[PDB]
């Protein structure tokens, strides 16, 4: 499995801060055939970010529409992303599910729209504190993965992200050992629906709290193939997180 390290800048950035951040990122000498490194700026920052980052960096957007072109004010179609050669999209981030009523069906239809238009997709799922405390982790994760997993047509082009919602903004912390066991179970779900070779091929990223300190303990786990990094990816020290995958 080729490691995959992603920067989800979320709703952050100025033209000036991106200029200096991309500069420091560019200073990192890495081989893009040996690991995937993807930066997801805000939509209106895409062109700026793409031009300033060297070609070794992949880029993408943080959301995509389930509808094609047409009367959908505010939406960005997969067709439009394709025409701009936007390589990656994030689908199903917990923040979309939380604040914008994004459902499992929405996730399914966004993945379909993306694959139809040859976009690569980073798909997010994960159980809450209440769900875990009620011992429903597997039930929830199985439901969420099975909502879309049968549609994957290439197991280099879809990347899964486990978001331990139960350990985000709650006071709880997920250990690498705990994360590994969930990752193992996700891969098994992929096996049971898509096949063994397919399960062994697919990247499954950790989408919880990742920083320069814990990144190695996480990526060194057998079934954790990288991360979708949030706040730590807004810092110049993000290069040290990339280094954990080198």
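Residue numbers count along the first chain shown, from 1.
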Open item on the list: Going by the mean C-alpha B-factor recorded in the entry, which is higher: 207 to 215 or 187 to 195?
Closed with: 187 to 195
- [ ] For the higher mean C-alpha B factor in the entry, choose 86 to 94 or 133 to 141.
- [x] 133 to 141
Task: Third of the chain's Cα B-factor distribution that residue 11 belongs to, per the entry - done: lowest
Open item on the list: Quick check for you: using the entry's CA B-factors within this chain, is residue 34 in the lowest, middle or highest third?
Closed with: highest
Task: Third of the chain's Cα B-factor distribution that residue 238 belongs to, per the entry - done: middle
- [ ] Going by the recorded CA B-factors, say which third of the chain residue 28 sits in, lowest, middle or highest.
- [x] highest
Task: CA B-factor ranking of residue 21, expressed as a third of its chain - done: highest
